[PDB]
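Okay, here's what each chain looks like letter by letter:
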Amino acid sequence: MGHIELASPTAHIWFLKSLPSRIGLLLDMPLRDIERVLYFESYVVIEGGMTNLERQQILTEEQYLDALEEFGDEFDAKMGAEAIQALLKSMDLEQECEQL
Amino acid sequence: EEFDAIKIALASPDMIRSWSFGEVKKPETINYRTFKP
Amino acid sequence: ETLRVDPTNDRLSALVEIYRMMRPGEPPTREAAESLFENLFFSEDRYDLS
Amino acid sequence: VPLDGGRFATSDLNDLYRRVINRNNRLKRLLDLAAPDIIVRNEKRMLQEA
Amino acid sequence: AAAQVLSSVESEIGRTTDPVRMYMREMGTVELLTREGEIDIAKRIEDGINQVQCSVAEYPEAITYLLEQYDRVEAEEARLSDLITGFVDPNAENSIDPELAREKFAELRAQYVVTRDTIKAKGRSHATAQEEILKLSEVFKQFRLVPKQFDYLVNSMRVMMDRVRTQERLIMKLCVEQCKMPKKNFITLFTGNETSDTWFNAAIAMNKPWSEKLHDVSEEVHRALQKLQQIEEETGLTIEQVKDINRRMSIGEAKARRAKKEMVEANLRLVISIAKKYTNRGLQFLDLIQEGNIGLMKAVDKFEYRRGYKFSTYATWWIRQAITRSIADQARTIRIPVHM
């Protein structure tokens, strides 16, 4: 078997499109949100440095601009498989588990 | 050969490199006359 | 009753929502939608009864 | 593989792999060039698509 | 006011998965800017480029490179091959006659040798010597270099800049991350002296008893400063002029790199229009489109306003080349090269 290294990351489908989703179900983010991130249609908050803004928060390409110049540094919001990977990579399973 | 049980887990990237033998880089299959890889 | 449910008041918005039924999303324009509807059932090319 | 009369035959996967590698390589090219993010986006929608 | 069309449309997009609608709807935003915006994009681009040519004119050893590697290809009893096709090759605002080659590199060496003595007269940049350096630049700017060799010559400034930055990263790391010295004082003192280590014991002179704890690593830190000052010997250029040349050059890049996107984003509709004359069932739409954007970016890189023609024709040719042989290189499981 061979392999391939990729320019940018990309997502597996069965872990997304299948019923209950296993990716958005984990994030507690429903589907169309994650689609509009992954179709490069809008951004989403990887990590809102300021708690002014929220994790798992969507920012349209026009509204983001407001948040862009208002604060600058103190938010992390991006788009596509990169950002979602940063998010799953970020979330610690434990404390969410004891909290649920 | 002889083995006991089966397991599933996710394919880590380093696993897929660990199995793989060489990075493909092209769509090319063969030459048009010399029907060879 | 169907009118009282129908949000559309003018000819134009009706053409817009037809255009939106068939070309979802797309920023609508007048003649794209007029031409769309009229193509559907009022152009000889794309509709013939026998 | 071939057949008797010089014809070839294949499995449908190879088309898919070809599309993938074409798209990734073109993407790498566009990344060497600092080209606009819009075509980056489009190439990636094409990637995740394939 | 097209981003707000994308806004409410995407708010009400009927779960449209197709990227065709996405991209085509996104290029709908930017319009077709013409007839002098073409010429103005060109003007800004060539301006920034000529100012990276200021950025080469300001660097002394830029000439050393040129005459040196040129002497390498002329050294070999006589050559007219590749490197001379990367070298001299001036635009006329040809088979290289060595006569004119011997001509042009005379007066260039005259400005070379005559400008150096005044650079030592009372100071690096005395007013008269400054105007003579400006004369060196003016003699430099009627030269337009080949982008290959030129890009190397500018990489000789990019790389060195990133080595200055490199040792900034090193000394900043080992000093601030470990000993925790403030950067506030460091900007003032390091900016003040930049040449000797007086700021070291002038900072420790502000007692700060942790500063007295620098014995265990003393042999290592200013030995890290060694590789910083070494770049001053290898460059032989003062730190203020380093910073100025770097920043001003970067702006010389930023002009063009900002300018072209208006052109491309404008002519996307040409790219797609020509593309879908050939999106019969040969390969697939979007790949014809993407390759069309590639030929477009070429035409934006090559086009001359001074020919005074319309732009559409130029990139029509270029686009059409790109698509017309990407369909042929790719689009089969068996590669049939161009001749067949």
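Residues numbered from 1 in each chain as written, not as in the entry; some residues may be left out. Chains lettered and ligands numbered in written order. Part of a larger assembly, values for the part shown. Heavy atoms only, no water.

As recorded in the PDB header, cryo-EM is the method behind this entry, and the stated resolution is 3.9 Å.

Describe the overall build of chain D, listing the residues and the values that go with them.
Tallying secondary structure elements over chain D gives two helices and zero strands in all. Here the C-alpha atoms of chain D give a radius of gyration of 16 Å, more than 25% beyond the 10 Å that 2.2 N^0.38 yields for 50 residues. Dimensions of chain D along its principal axes, counting C-alpha atoms only, are 50 × 20 × 10 Å. The burial tally for chain D puts 40% of its 50 residues in the buried class. When the accessible area of chain D is evaluated, it comes to approximately 3,000 Å², of which 53% is carbon and sulfur surface. The distance from the centre of the 10 positive side-chain charges to the centre of the 7 negative ones in chain D is 5 Å. (Helix = DSSP H or I, 4+ residues; strand = E, 2+ residues; numbered from the N terminus. Rg over C-alpha atoms; globule rule 2.2 N^0.38 Å. Buried < 20%, exposed > 50% of the residue type's maximum accessible area, 1.4 Å probe, protein only. Areas by Shrake-Rupley, 256 points an atom, 1.4 Å probe, with all protein chains shown as cover. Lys, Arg positive; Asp, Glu negative; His and termini not counted. Charge placed at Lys NZ, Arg CZ, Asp CG, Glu CD.)

Residues and numbers for the pattern of salt bridges, please.
The full count for this structure, using the stated rule, is 26 salt bridges over all chains. Look at the salt bridges and you will find they share partners, linking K26 and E28 of chain B together with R335 of chain E into a network. (Salt bridge = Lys/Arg side-chain N within 4 Å of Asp/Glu carboxyl O.)

Account for the packing of helix α14 (residues 285-302) of chain E against helix α15 (residues 311-329) of chain E, with residues named and values stated.
All names here are of chain E. As a packed pair, α14 and α15 sit with axes 7 Å apart at the nearest point and diverge in direction by 135°. In terms of orientation, α14 lies oblique with respect to α15. Pair α14 / α15 crosses with right-handed handedness. Residues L288, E291, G292, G295, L296, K298, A299, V300 and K302 of α14 form the contact with α15, whose own contacting residues are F311, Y314, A315, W318, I319, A322, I323 and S326. A class-by-class count of the residues in the contact of α14 with α15 yields eleven nonpolar, three polar and three charged. (Axes fitted to C-alpha atoms, helices over the stretch in contact; angles between N-to-C directions. Parallel < 35°, antiparallel > 145°, perpendicular 65-115°, else oblique. Left-handed = near helix turned anticlockwise from the far one by under 90°. Contact = heavy atoms within 4.5 Å. Nonpolar A, V, L, I, M, F, W, Y, C, P; charged D, E, K, R; others polar.)

Report on the interface of chain A and chain D, specifying residues and quantitative values.
Each side of the interface is counted separately: chain A has 13 residues, and chain D has eight residues. Regarding the contact of chain A and chain D, the summed buried area is about 990 Å², with carbon and sulfur atoms giving 59% of it. Between the two partners, chain A and chain D, sit one salt bridge. Residues of the side of chain A that touches chain D, tallied by class, amount to eight nonpolar, two polar and three charged. (Buried area = accessible area lost by both parts, 1.4 Å probe.)

Explain the sheet that holds strand β1 (residues 43-47) of chain A residue by residue, including any values.
Residues and elements named next belong to chain A. Ordered in space as β2-β1-β3, the three strands form an open sheet in which the pairing is antiparallel. Two strands in the sheet have a free side with no partner beyond their single neighbour: β2 (58-59) and β3 (76-78). Alignment of β1 against β2, held across two bridges, turns out to be antiparallel. Bridged to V44 within β2 is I58. (Pairing = 2+ DSSP bridges.)

Pulling in residues and values, what's your account of the environment of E17 of chain C?
In this fold, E17 of chain C is placed in helix α2 (residues 11-22). Put simply, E17 of chain C and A33 of chain C are 16 residues apart on the chain and 9.0 Å apart in space, counted from C-alpha to C-alpha.

How would you sum up a negative patch on the surface? Please name residues and give values.
Among the surface-exposed residues, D28, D92, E94, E96 and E98 of chain A lie close enough to one another that they form a single negatively charged patch. In this structure, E94 of chain A sits in helix α6 (residues 93-99). (Patch = residues over 30% accessible without salt bridge, like charges linked within 9 Å, V, L, I, M, F, W, Y side chains within 5 Å.)

Describe the interface of chain D and chain E, listing the residues and the values that go with them.
If you look at the interface, chain D gives 18 residues, while chain E gives 20 residues. The contact between chain D and chain E buries some 1,800 Å² in all, and 58% of this surface belongs to carbon and sulfur atoms. Ranking the residues of chain D by area buried against chain E places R26, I38 and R45 of chain D at the top, with a combined share of 29%. Between the two partners, chain D and chain E, sit two salt bridges. Residue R26 of chain D pairs with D287 of chain E through a salt bridge whose shortest N-O separation is 2.2 Å. Across the chain D-chain E interface, the total number found is six residue pairs in polar contact. Breaking the side of chain D that touches chain E down by element, the ones donating at least two residues are α1 (13-32) and α2 (37-49) of chain D. (Polar contact = N/O pair within 3.5 Å; in protein donor to acceptor, adjacent residues only side chain to side chain.)

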